[PDB]
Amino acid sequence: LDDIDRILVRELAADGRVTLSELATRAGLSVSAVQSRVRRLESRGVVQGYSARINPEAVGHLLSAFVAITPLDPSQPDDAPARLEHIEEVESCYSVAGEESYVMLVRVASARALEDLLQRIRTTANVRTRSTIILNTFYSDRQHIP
């Protein structure tokens, strides 16, 4: 990323609401040159989205957990993340090295809800489920723009 893009990325990561005019002033660009650079940052996938961060608990998600899953049949391509991505309670899904194949961050209303979610996940994608429950989120979603 060139110097200008870095400035733009910095600013957007600091606050996604920063305006084209604000960005233009800060990067030393005209508004049209910024709007072009931002659009390109978005289409190259550098900027992924602008969703406001919402407190999960405030919307009823009183329980969150990391869920580690393992294909019940590891010898075939499991396609677990595609098979599960319609599940709204799954906030994220990663393949990982180690004992399990994927880790997912999951949010539910209650313990009972979690248990139900786990069963739905296991049947939907034919996987086993290991749950690590979160007691508290100290901080999150802190991006580091070097």
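Residue numbers run from 1 along the displayed sequence.
Across the two stretches, 55-63 and 87-95, the PDB entry reports the greater mean Cα temperature factor for 87-95. Higher mean CA temperature factor between 64-72 and 111-119: 111-119, per the PDB entry. Per-chain ranking of the deposited C-alpha B factor places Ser21 in the highest third. Residue-level temperature factors show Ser131 in the lowest third of its chain, judged at the C-alpha atom. Among the modelled residues of its chain, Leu41 has a C-alpha B-factor that falls in the highest third, as given in the PDB entry. In this PDB entry, the Cα temperature factor of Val34 sits in the middle third of its chain's modelled residues.
The deposited CA B-factor of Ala82 belongs to the middle third of values across its chain.
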